[PDB]
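Below sits a lone chain in structure tokens, taken as the form deposited in one PDB entry.
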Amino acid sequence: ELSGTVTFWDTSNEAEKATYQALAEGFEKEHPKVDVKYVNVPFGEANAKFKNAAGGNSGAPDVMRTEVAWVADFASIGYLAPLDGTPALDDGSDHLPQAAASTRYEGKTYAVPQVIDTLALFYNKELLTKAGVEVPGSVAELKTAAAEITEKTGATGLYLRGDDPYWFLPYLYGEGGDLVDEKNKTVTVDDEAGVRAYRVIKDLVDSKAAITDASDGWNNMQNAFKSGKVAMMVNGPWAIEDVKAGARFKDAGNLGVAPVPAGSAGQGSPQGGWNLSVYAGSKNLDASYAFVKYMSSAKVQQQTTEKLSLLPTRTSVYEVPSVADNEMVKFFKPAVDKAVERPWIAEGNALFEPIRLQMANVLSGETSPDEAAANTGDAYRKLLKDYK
């Protein structure tokens, strides 16, 4: 028997949330004595809100949509129920290895994978065609393309997200860099690749190839792309249905997607995504395990793709013709296969704030690329006491 309340905190965005609420409530079809209480929690607030609730054992959710870096974060402070040997885990081996890695902390499973993602270059096909340019493969090509776009159409080439540090990573990887060398416990962000990456973002804006904003970056990016103010943006699968709501991208026929541009050394995009965790203090652990199994099942992952084009973590789901033949999936899955995995460490989540501050200050001209890289390195060494 399953009965009682399962409160689910979902972080999905305005375009995704109706789908996720319907899926969550569908758990009640097979378990009518369970009451699913769906709550949508803003992404930026959710980590803090969960810690506040879990630390005061006061209004915590039973099931938490848990960003890949939040698993080790929450788990290290005891907020997550261990899932090994529980009904929450079913056909575990189906999940992509890199998705499974993010669910683990100190030899225990604290989450089940839900979606996997990476960043890509979205582009407005009509604008590029009008400008007579090809989708750019590199930053150098992007600069050239942007000039032609402005000359021939008046649009700016790129919206460069300046207020979210995750958007720094493609530039860092393209310059031949990474945050840390996990295996050797060495901070690497302040290597010359870090300097180069901060210089690249500043040059893109100064040269007018790109525009940016120091605040409200999600809305500003989406607005600029949807309104044709820019021809390109870097974004993820969570943006697809949001973009398609716009007059300019109905049915996605005008929406192109390609890999993030290479830099001077090579090319790369980060691995991200979401898992599902159970609050350690839940008063309905059984019903929660079953809710997690349900939300992470092949059936529900397939539905999510069909409604939202989010990428399944289950390998088996990619063999479903409906998923295999989805064009956003056909592009994003290979890109995900190549995505750079991060260290799944308690402090991994905290690696982002230092980038955020230095990136803002580079873009405004308050901080040189050289100082920004050094500052980011210093911040990491403070965070990671056993890293050189």
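Note that residue numbering begins at 1 and tracks the sequence as displayed.
Look up the CA B-factors in the entry and say which stretch, 158-166 or 245-253, has the higher mean. Result: 245-253.
Selected stretch [higher average CA B-factor]: 258-266 or 310-318: Higher mean C-alpha B-factor in the PDB entry: 310-318.
Reading the B-factor column of the entry, which of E141, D190, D213, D286 has the highest value at its C-alpha atom? Answer, based on the entry's C-alpha B-factors: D286.
According to the deposited entry, which of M232, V200, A100, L276 has the largest Cα B-factor? Answer for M232, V200, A100, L276: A100, with the highest C-alpha B-factor.
According to the PDB entry, is the CA B factor of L121 in the bottom, middle or top third of its chain, that is, lowest, middle or highest? Answer is lowest: the recorded C-alpha B-factor places it there.
According to the PDB entry, is the CA B factor of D206 in the bottom, middle or top third of its chain, that is, lowest, middle or highest? For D206, whose C-alpha B-factor we compare with every modelled residue in the chain, the answer is the lowest third.
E175, C-alpha B-factor rank within chain (lowest, middle or highest third): Bottom third by C-alpha B-factor.
Where does the C-alpha B-factor of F74 rank in its chain, lowest, middle or highest third? Highest third - that is where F74 ends up once the chain's C-alpha B-factors are sorted.
Chain-wide C-alpha B factor ranking for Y294, given as lowest, middle or highest third: Ranked within chain, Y294 CA B lands in the middle tercile.
Below, we refer to the form deposited in another entry, which is not included among the displayed structures.
Hey, the CA atoms of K307 and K226 end up closer or farther in the other form than in the shown form, with the change being 3 Å or more? Those two alpha carbons end up farther apart in the other form.
Cα-Cα trend for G263 and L96, given that in the other form the distance shifts by 3 Å or more: Pair moves closer in the other form.
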